[PDB]
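Visitor: I would like to see how this sequence folds:
(chains A, B, C, D, E, F and G)
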Amino acid sequence: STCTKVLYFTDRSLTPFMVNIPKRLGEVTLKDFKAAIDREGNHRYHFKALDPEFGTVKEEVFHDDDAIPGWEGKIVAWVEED
Amino acid sequence: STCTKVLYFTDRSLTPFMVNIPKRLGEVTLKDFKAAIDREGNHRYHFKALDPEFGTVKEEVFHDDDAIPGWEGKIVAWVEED
Amino acid sequence: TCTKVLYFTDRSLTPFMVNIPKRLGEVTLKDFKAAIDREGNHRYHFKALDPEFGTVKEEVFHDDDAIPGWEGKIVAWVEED
Amino acid sequence: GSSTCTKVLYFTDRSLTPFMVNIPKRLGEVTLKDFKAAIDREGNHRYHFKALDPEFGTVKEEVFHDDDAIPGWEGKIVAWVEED
Amino acid sequence: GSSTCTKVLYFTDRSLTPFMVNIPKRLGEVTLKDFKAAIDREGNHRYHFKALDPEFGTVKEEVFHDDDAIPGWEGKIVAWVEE
Amino acid sequence: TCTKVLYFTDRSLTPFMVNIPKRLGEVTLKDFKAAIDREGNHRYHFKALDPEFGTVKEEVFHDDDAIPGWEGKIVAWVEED
Amino acid sequence: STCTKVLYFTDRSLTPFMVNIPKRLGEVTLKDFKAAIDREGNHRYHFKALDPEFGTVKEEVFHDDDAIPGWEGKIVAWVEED
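Guide: Numbering: from 1, shown residues only, chains lettered A, B, ... in the order given. Please find the structure below.
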């Protein structure tokens, strides 16, 4: 529980990918994520998140310094080429 | 041109493959495609297609007599074990 | 008893197969690295069956991390970088 | 590089070691026939080349016609030769 | 033609042209020891063989145990002998 | 209707050449052995053009086996096992 | 140093040959090599080389002027009749 399980989808494959990031769920920022998958160019990023009021939601994050929202102690993401 | 540029992904590499088929975009069928890269093993086939309504879509093709949908004069495909 | 390993490289197009003495649960990345004997700064991916998510290509980095199996065998991709 | 010739690195199912040759023509000039002629292939084969596709990025492109020009990757030609 | 012997083709770093020998045993019968004994290895090498895998297809399988049966490809044995 | 034989030996850096009255397809290992008339234990290799893999140094040991030719001739290497 | 150890294989013997060339590793050219083993001589020449890009590789050289790549202080070569 010192690390975070990351599952992400790419339009480059129909089978998802899974990596583990050193930092803990609350600690992980977009930059950490970007660095984690060694993305080729620049893209759009979405994350399965549990919004308190409106419920489950696919949240997009931009600034590398923003923390990634988790879903059940893990991070679920979609990577769109953009 | 008297040829269509084909880019396809396989589970056997994260780097895509590229071949050129003598037929033109509208002319190319699934059989042409199969013959082009896949005479032996049976797979599921998906193609990046521009749907005039809902935007980009990954269309699966079925009929051997059916035509392969193009995306920007090219064919982009995913080949899966199934 | 031992583990059947099938891996792909940017150097063959045709996969490689080796057998590691340790059993599926026992095999760590270091065991794998040592097994393939290539001098490299590589990335490693493995076909894995995650309880919650199902089929997935998992990347591993610690040498002391145990390699996930798929059907009592290990299926891997070795990238350059 | 560069300009008189082209560095060619190819893999064969016949060797676990890659091979390296240098072709007189420059990167843009080299055709498949030039390549074929270069490595004394004894039989029909399939040929793949590491190429940088503007849009879709890195890719292993197969070439068929002896006249078509071989795509380069960082000034070198990187190829795979299959017994097919 | 003949089927109680096995055609063996192997590559070495010692020649850019492959070698060919015939082993008295049949494809299923041939073990690594049989192979070693055959091409008269001088000591220690790594051995790879072109093999047809069930789900995985054509694959270069490495074998270690003398008593292991060498996998065939198209009724012959195709091998690489590394240092 | 005979066969030109060129062979190399570890006791001469100059190859040897003999002619065997049999024709290419007819010549066996025994014919070859007899031809060189050297009583001893040896390994024999022959330049051959295999229909499948092409140019190759094939080893033979069944005396009753036909020697593979290379362009209407026989090219051989003689060692000591 | 003062001279380079050369080991070469021929279709003339299943046994390799060894000669020593006066020049040093970096200095030795193909012409030097040809001259060294009484290049009849116009054949194909290959050399075990340590390429920093792709590691161990059998490099072919064919102009008399080009300098022979070494492998661990020595030269390892294959001479084919071509």
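
Visitor: The residue in chain A that chain G sits nearest to and residue C:7: what is the separation?
Guide: Nearest residue of chain A to chain G: residue A:38, at 20.3 Å (Cβ to the nearest Cβ). To be clear about C-beta, it is placed using only N, CA and C from the backbone, and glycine gets the same treatment. Using Cβ to Cβ, to the nearest Å, we find residue A:38 at a distance of 20 Å from residue C:7.

Visitor: More neighbours: which of these two?
Guide: For residue A:38 versus residue C:7, neighbours defined as other Cβ atoms under 10 Å in any protein chain shown are more numerous around residue C:7 (21 against 11).

Visitor: Now do the contacts for the more buried one.
Guide: Taking Cβ atoms under 8 Å, 6 or more residues apart in numbering or on different chains, we find residue C:7 in contact with C:15, C:16, C:17, C:18, C:36, C:74, C:75, C:76, C:77, C:78.

Visitor: ok, and of the residues you listed, which contact chain B?
Guide: Among the contacts of residue C:7, the residues that sit close to chain B (Cβ under 8 Å from any Cβ of the partner chain) are C:15, C:77.

Visitor: Tell me which of the contacts of residue C:7 fall in strands.
Guide: C:16, C:17, C:18, C:74, C:75, C:76, C:77, C:78 (DSSP state E).

Visitor: ok, what's across the strand from the last one?
Guide: Each beta-bridge partner of residue C:78 is listed here: residue C:9, residue C:44, as defined by DSSP bridges.

Visitor: pretty sure it is touching residue C:37, no?
Guide: No: the pair residue C:78 / residue C:37 is not scored as a contact, 11.8 Å apart, by Cβ atoms under 8 Å.

Visitor: follow-up on the earlier one: ok, the ones in strands among the contacts of residue C:7 vs chain B, which is closest?
Guide: Proximity of these to chain B (Cβ to the nearest Cβ) peaks at residue C:77, which lies at 6.4 Å.

Visitor: so who does that closest one touch?
Guide: Taking Cβ under 8 Å, 6+ apart, one finds B:13, B:14, C:7, C:8, C:44, C:45, C:46, C:57 in contact with residue C:77.

Visitor: now the residue of chain A closest to chain G: how far from chain F?
Guide: Between residue A:38 and chain F the distance is 41 Å, computed by Cβ to the nearest Cβ, to the nearest Å.

Visitor: And residue A:72, by the same measure?
Guide: Taken as Cβ to the nearest Cβ, the span from residue A:72 to chain F is 56 Å.

Visitor: Phi first, then psi, for that residue.
Guide: Per-residue torsions, residue A:72: phi 70, psi 50 (degrees, to the nearest 10).

Visitor: go on, residue A:63?
Guide: Dihedral angles (degrees, to the nearest 10) for residue A:63: phi -70, psi 130.

Visitor: ok and the residue in chain A nearest chain E?
Guide: Nearest residue of chain A to chain E: residue A:15, at 15.8 Å (Cβ to the nearest Cβ).

Visitor: Just the endpoints, please. Distance across stretch A:7-19?
Guide: 7 Å (Cα to Cα, to the nearest Å).

Visitor: now it: how far from the chain's centre is it?
Guide: With Cα atoms, centre = their mean, to the nearest Å as the basis, stretch A:7-19 stands 11 Å off its chain's centre.

Visitor: got it, and stretch A:56-63?
Guide: Centroid separation for stretch A:56-63 versus its chain: 9 Å, with Cα atoms, centre = their mean.

Visitor: on that earlier part again, now the residue of chain A closest to chain G: how far from chain D?
Guide: The gap separating residue A:38 from chain D is 13 Å, by Cβ to the nearest Cβ.

Visitor: again with residue A:71
Guide: Applying Cβ to the nearest Cβ, the value for residue A:71 to chain D is 30 Å.

Visitor: cool, residue A:73 as well?
Guide: 34 Å.

Visitor: for that residue, phi and psi?
Guide: Main-chain torsions, residue A:73, degrees, to the nearest 10: phi 70, psi 10.

Visitor: cool, and residue A:25?
Guide: Here is the backbone geometry of residue A:25 (degrees, to the nearest 10): phi -50, psi -50.

Visitor: Residue of chain A nearest chain D, please.
Guide: residue A:40 (6.2 Å).

Visitor: Residue most distant from the centroid, chain A?
Guide: What lies farthest from the middle of chain A is residue A:53; by Cα atoms, centre = their mean that is 21.1 Å.

Visitor: All set now, cheers.
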